[PDB]
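Read top to bottom, the protein sequences are chains C and D.
Here the first sequence stands for residues 1 to 716, 724 to 741, 750 to 1073, where the numbers follow the authors' numbering.
With the second sequence counted from 1, adding 1 to any position gets you the authors' numbering.
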Amino acid sequence: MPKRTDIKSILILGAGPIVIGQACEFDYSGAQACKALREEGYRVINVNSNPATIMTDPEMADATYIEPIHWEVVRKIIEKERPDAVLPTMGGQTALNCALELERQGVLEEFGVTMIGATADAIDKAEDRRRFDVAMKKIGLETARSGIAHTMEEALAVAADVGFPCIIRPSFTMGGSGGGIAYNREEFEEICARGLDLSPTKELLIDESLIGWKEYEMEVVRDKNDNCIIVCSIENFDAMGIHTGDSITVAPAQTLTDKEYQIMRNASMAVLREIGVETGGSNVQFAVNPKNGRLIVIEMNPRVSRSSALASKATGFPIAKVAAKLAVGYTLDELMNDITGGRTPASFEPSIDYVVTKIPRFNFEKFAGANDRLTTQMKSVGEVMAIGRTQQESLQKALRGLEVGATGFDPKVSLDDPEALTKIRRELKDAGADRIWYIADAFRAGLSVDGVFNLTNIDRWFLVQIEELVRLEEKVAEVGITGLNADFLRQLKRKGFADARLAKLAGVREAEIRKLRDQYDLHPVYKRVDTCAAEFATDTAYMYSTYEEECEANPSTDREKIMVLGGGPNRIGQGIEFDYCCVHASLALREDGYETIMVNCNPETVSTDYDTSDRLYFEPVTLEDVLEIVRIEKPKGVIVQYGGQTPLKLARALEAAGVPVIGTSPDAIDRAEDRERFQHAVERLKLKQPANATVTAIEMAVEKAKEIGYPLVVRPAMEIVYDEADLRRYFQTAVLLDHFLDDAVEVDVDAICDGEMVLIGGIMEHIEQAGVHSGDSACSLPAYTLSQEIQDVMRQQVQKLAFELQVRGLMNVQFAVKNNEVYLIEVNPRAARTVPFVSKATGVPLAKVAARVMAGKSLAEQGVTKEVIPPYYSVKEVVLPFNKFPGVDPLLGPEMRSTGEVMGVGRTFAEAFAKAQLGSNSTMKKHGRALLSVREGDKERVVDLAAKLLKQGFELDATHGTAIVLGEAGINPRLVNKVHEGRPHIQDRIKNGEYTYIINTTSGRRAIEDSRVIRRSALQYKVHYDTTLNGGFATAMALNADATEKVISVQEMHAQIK
Amino acid sequence: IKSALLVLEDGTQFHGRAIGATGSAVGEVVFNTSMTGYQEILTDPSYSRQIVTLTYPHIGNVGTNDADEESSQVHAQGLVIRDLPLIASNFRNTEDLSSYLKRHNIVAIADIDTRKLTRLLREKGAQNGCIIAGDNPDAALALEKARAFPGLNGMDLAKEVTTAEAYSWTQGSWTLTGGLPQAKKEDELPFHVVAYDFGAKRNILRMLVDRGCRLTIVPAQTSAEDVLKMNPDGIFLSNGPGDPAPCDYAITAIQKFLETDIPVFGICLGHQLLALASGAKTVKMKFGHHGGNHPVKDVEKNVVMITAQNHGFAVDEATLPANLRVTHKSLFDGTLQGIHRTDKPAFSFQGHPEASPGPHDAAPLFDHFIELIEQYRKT
Ligand SMILES: Nc1ncnc2c1ncn2[C@@H]1O[C@H](COP(=O)(O)OP(=O)(O)O)[C@@H](O)[C@H]1O
Ligand SMILES: Nc1ncnc2c1ncn2[C@@H]1O[C@H](COP(=O)(O)OP(=O)(O)O)[C@@H](O)[C@H]1O
Ligand SMILES: O=c1[nH]cnc2c1ncn2[C@@H]1O[C@H](COP(=O)(O)O)[C@@H](O)[C@H]1O
Ligand SMILES: CC[N+](CC)(CC)CC
Ligand SMILES: NCCC[C@H](N)C(=O)O
Ligand SMILES: NCCC[C@H](N)C(=O)O
Ligand SMILES: [Cl-]
Ligand SMILES: [Cl-]
Ligand SMILES: [Cl-]
Ligand SMILES: [K+]
Ligand SMILES: [K+]
Ligand SMILES: [K+]
Ligand SMILES: [K+]
Ligand SMILES: [K+]
Ligand SMILES: [K+]
Ligand SMILES: [K+]
Ligand SMILES: [Mn+2]
Ligand SMILES: [Mn+2]
Ligand SMILES: [Mn+2]
């Protein structure tokens, strides 16, 4: 019953870099699992290619491997660590897939590695959709009419059977990856082909449609004693047909009668029992026909998930921590429930006295030709969560914490737009990311709840509530600010209305509304999360705001408090890297003696883990919400610099509102952000900035362009213009003008300044040139080409800026190196997304460090004075979401689009590079035929590359112009035709798998537009491709290395530093 | 504005809105953590004279229906909730919450901080209270009424809810497919069990019926003698409101059954009576157990069950006759939950094996009873 004695060491399989459908929730869960295994005295080993993870923190485990999550690499790790067992349920699907690969490869046997948590058979029984369907039938549970298909032939026969629309679901995939809904044969063929090739078992399940049915999930937990509990139930706001991850969801279930609930409860347990999960958690999904409660089982995920993370956050029941321990022999009855001071067991079902709401976060605006309608395949990049005593209150708070500019139910369309009812119908009928706001707009427009129901299939239970908010809004707009008496205002507040939204309606500033509340003594109270609807006391301070009577905050007067502001839901550009920083500040200052208060509402993160801080306020990171907490906490200092843009934008207002914002001042930041202020400072210091201008009108810019000289960087969707025509061109389709620095090397420098000194955190050299957004660039630390000399100037420029700007904590500076001359791109007086990377490479926890500095402790005092220059090479590479948005051109540019990153460690840049590349899921091969099709400027350089490959034994192909230059060089590639040139053309060859590598460079808007085909084909076909010559060079380099040769632990690496 | 007010014995006031009938309600105030099951809960006789506070904010999401009534009527004295939803939204709904409440003439209040009430009841223990619903609800009056409330300790509530005459019960459990079944024919039931109606829940009966028992429901005060005359295959002791202790007749009759080899089974109040009739003592719990996520361990098998609880009194374990073995215990608080006569075919359970609402985890408890029955007939 107690802990297993035959096991001493455990290998935990991490999730890898963040992708759509597989995000932060895995760092939260993995960190939990580590903590729980380390706590219990086990030897902890883990692999995880993502460096921006807390789980990869050195102190969190015994042996930490930031290596490519490749079965061959995992095998070395195993061979080297000889872990007794492997826990594969905490790293998403990557972990599931890997575990089963190692097993299949016989590695597990080879080193006597016992699979705990979930057995390979249980995992397959659940992941293989054929098996899952069988299982259901065995236990008499109902499933939709479906058919297995291993080929397109197989598939089409099913479609003929089930009819359109039909749902396509691959075996061994999650987050709807490779799936979709097919409305026609053409869509069908497309999804299936993608799914078949994506499925690790090359299998698809195709099901008849249940679209519009109610969709539910249940998070279950079972022990070796067969003890089994339902930790949380979830009702999706968006019906069957929209993936749960792309759905607005609430806990608990709302519209099920107890009778139906029990049926579902029993079914859930039956599911785990039949699949065979006996020592861990699992997510079980269902579809319910609202007209007759008909229950249908959809799937089950034999591991922790995005929903378990949500459930954990929602209930206060740390599923992963508990599951980790269950994996090692403990039973639920023996574990204590954390939040109830451990005065109650883990063996119980949580009861909550509030409503939890989750809203997905999308970023369609970054994906040009992407289809933006929601379907079974996830497209969201993040999520927000909120808690309120009521559904209305919970939903509105979430909306205002979504970080999209909503203050609640802001209108999308105008009332006096004749066409409105048309746009509205459309937005309802076929949901996009904006649907929530359209629902409100529909009600404003005269649509009934039934009308809305019929188009969205969203339960009227939810609809009626949104309609009510609307009618209330109308009242507000009607009575205006004078009509805002304390009674009415309190009603509003209690319904979740934001000051901002009332402000807008009443036609006043938001501060006006806050003043009113101040006048009325209208403030929220804080309730605590406890897992038991208050039946048992809590010693934990995990709270949410609400408009009720009794407050449970009970702030402390005893200590010096420090508040840390999170970034809300994750989005492209505002990822986990920021949370990571946030987490660190808390851990750091807490450790140091401060009472740490964390403010955030991303349910996937470690920062929203009660254990991360002294006090956790799971709130919207807004001025309103933050000021209310400050009102009562009366902290000593607030950190606004670590959660990204969200908290940064608030800085000014907070400070003005009286908040003791610490570290780099709001004004200092503004000095840097503000184009004008910055430029002006740069000057003052006499440094290099690219020639720029601020234009108003077209012709204004044509002339100014003339001045600055081409090519230009036009910022309004930022594009690079190369000529007058091009400029003009953009203008129609369309103000900042900046001279583009072609063939330049982009550098990133992270550093800390205590006003007394400046600490160089790290100088990273971008593989991709300036022009490819730093966020989407691979990078190297230390620099792999840059001269020392040039590196010294930067260091020097950094220091001047640090002081001049009055940095107090972290900063990041971006440089461009053109012709041995250094230019200043921008200054980021805050923590950058490169911070976790640098910390991992150098061994220094910059976030911790800068945190202390902001809190009054100098670098000197800390004992962190010298810049670390590692004895090894660390390479950062990114992962892009293109595969999720097939209609987009999978090409790099000045706008960031990556969702995650990986780290590669090596004795040589080539080693580090090869590791980073493999880790990024590259499909690059060591042999085959490479295709070369480069732009003019790349024409010269490409010869060497073509030479390197030949050397490597590759055979070459080339488009006309490229072949010209090659032949003129003695390199006679095989000629291939452009699509428009006829057969045999690149498209065909690609599709026919003639290449293992592609180097494709293009410059110019139409030129790109025209060559779209090759990149899309490359992506669809799985051919590794580079879109930059630099990338191409690095790739060639990596050809000489073996990423599965040597493995190293972070601990080891760290110990190599002098 | 339809006003309503709730006042506690201690003077604590809760201002909200009326969602039920017009008037006043007085009783002991309790809190129940069930997130689903409101109708069943209100309709459970064990709640008679109690004012029920629901900790789960939205109460009424699924409206109501007959199949979800655990008894002939609403026994709860009053209902206290946080939020009455705009609409009932469930295929099984036949009438919205408020309307049901009004039809059942129940005083109910919404829009109050149920969490603060919960925490208050948790920390200070149960309290008597009064809810006044009307134009100008008097706070002093309310407090008077609450203070006046005689209290549940020493209060026999079984004789108040019991049936008038005896009767047969042959209806089984509900199913999603066919709803509530047609009462079976008497020849369709191998076994014949006599159930003392101490304010029995319909689910208990139905479940027994599912197990082959034809039932004879008898008034709470029936004599062992009268019973025995019926040659019962088994004797069952229902759940119910109030204090068990004051129920001398029940205790008396049971003791009698305990002379015989007749199988005896009890649930909740039944469990307590059985303990009393056996020499054990009963106590009043600080605030009791009212919810459906309550972990109870089967000490013998070392297995945990998630159970439905509804009790304010408990059997003191340190007063248990040696003929009384502990069979189950609360994982929440260590309180006694199950017992078994070491010397007789008699056992009972503190929780509600028949759930309704709640988890089905404790249903096997019924099977031991059937076991006993089967064996007694062998003999
Ligand atoms: N027959 C069906 N009809 C309609 N929608 C369905 C059907 N089966 C599944 N779905 C939808 O597809 C989504 C993803 O399916 P799921 O089985 O959960 O796969 P994944 O493992 O990728 O998450 C569900 O959350 C649901 O909205
Ligand atoms: N003048 C320029 N010359 C060359 N590359 C540039 C120039 N300005 C910006 N870039 C490129 O565009 C990217 C984004 O520019 P930046 O000003 O840093 O925007 P953001 O606010 O998104 O960081 C850089 O990482 C870089 O590759
Ligand atoms: O099928 C195609 N259609 C259009 N352009 C293409 C195609 N394949 C490659 N290219 C582009 O052709 C360029 C190289 O042209 P080359 O100079 O004739 O070799 C690159 O900028 C490629 O993106
Ligand atoms: C979802 C994560 N992947 C599948 C497990 C696809 C990028 C990693 C290979
Ligand atoms: N909310 C702050 C104090 C918490 C207290 N131990 C309780 O559970 O009532
Ligand atoms: N760091 C971006 C990934 C590189 C990709 N293969 C490309 O060259 O487009
Ligand atoms: Cl996947
Ligand atoms: Cl149906
Ligand atoms: Cl797309
Ligand atoms: K082993
Ligand atoms: K699955
Ligand atoms: K859904
Ligand atoms: K799910
Ligand atoms: K770059
Ligand atoms: K920036
Ligand atoms: K109130
Ligand atoms: Mn899944
Ligand atoms: Mn799913
Ligand atoms: Mn930048």
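Quick reminder that beta carbons are idealized off the backbone N, C-alpha and C, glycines included.
Got a sec: is the Cβ-Cβ distance from residue i to anything in chain C below 7 Å?
i: residue 63 of chain D; result: yes
i: residue 300 of chain D; result: no
i: residue 378 of chain D; result: no
i: residue 307 of chain D; result: yes
i: residue 361 of chain D; result: yes
For residue i, return the contacting residues in chain C, with the cut-off set at a CB-CB distance below 9 Å.
i: residue 125 of chain D; result: Those do not exist, as residue 125 of chain D stays about 13 Å from chain C at its closest Cβ, beyond 9 Å.
i: residue 358 of chain D; result: 257, 258, 259, 261 and 262
i: residue 311 of chain D; result: None at all; the shortest Cβ gap to chain C is about 14 Å.
Below 7 Å on C-beta distance, what does residue i contact in chain C?
i: residue 117 of chain D; result: 549 and 550
i: residue 90 of chain D; result: 255, 459, 460 and 461
Which word fits residue i, buried or exposed, when buried means at least 16 other C-beta atoms lie within 10 angstroms of its C-beta?
i: residue 35 of chain C; result: buried
i: residue 448 of chain C; result: exposed
i: residue 141 of chain D; result: exposed
i: residue 88 of chain C; result: buried
i: residue 139 of chain C; result: exposed
i: residue 377 of chain C; result: buried
i: residue 69 of chain C; result: buried
i: residue 12 of chain D; result: exposed
i: residue 414 of chain C; result: exposed
Starting from residue i, trace the beta strand (DSSP E) both ways and give me its first and last residue.
i: residue 1012 of chain C; result: 1012 to 1015
i: residue 218 of chain C; result: 214 to 222
i: residue 26 of chain D; result: 24 to 33
i: residue 67 of chain D; result: From DSSP, residue 67 of chain D is part of no beta strand (DSSP E); its letter is neither H nor E.
Which residues in chain D have a C-beta closer than 8 Å to the C-beta of residue i? List them in chain order.
i: residue 263 of chain C; result: 177
Please check if any C-beta of chain D sits within less than 7 Å of the C-beta of residue i.
i: residue 390 of chain C; result: yes
i: residue 351 of chain C; result: yes
i: residue 227 of chain C; result: yes
i: residue 692 of chain C; result: no
i: residue 338 of chain C; result: no
Whole angstroms is fine: what's the gap from residue i's alpha carbon to residue j's?
i: residue 172 of chain D; j: residue 204 of chain D; result: 10 Å
i: residue 1005 of chain C; j: residue 178 of chain C; result: 20 Å
i: residue 996 of chain C; j: residue 137 of chain C; result: 55 Å
i: residue 33 of chain D; j: residue 186 of chain C; result: 55 Å
i: residue 591 of chain C; j: residue 114 of chain D; result: 37 Å
Run through chain D and tell me which residues come within less than 9 Å of residue i, C-beta to C-beta.
i: residue 293 of chain C; result: 91, 92, 93 and 177
i: residue 1036 of chain C; result: In chain order: nothing, as chain D lies at least about 48 Å away.
i: residue 468 of chain C; result: 87
At 8 Å on the CB atoms, spell out the chain C contacts of residue i, in chain order.
i: residue 304 of chain D; result: 225, 226 and 227
i: residue 41 of chain D; result: 258
Show which residues of chain D have a CB atom less than 7 Å away from the CB atom of residue i.
i: residue 325 of chain C; result: What residue 325 of chain C touches in chain D: nothing, since even the nearest Cβ is about 16 Å away.
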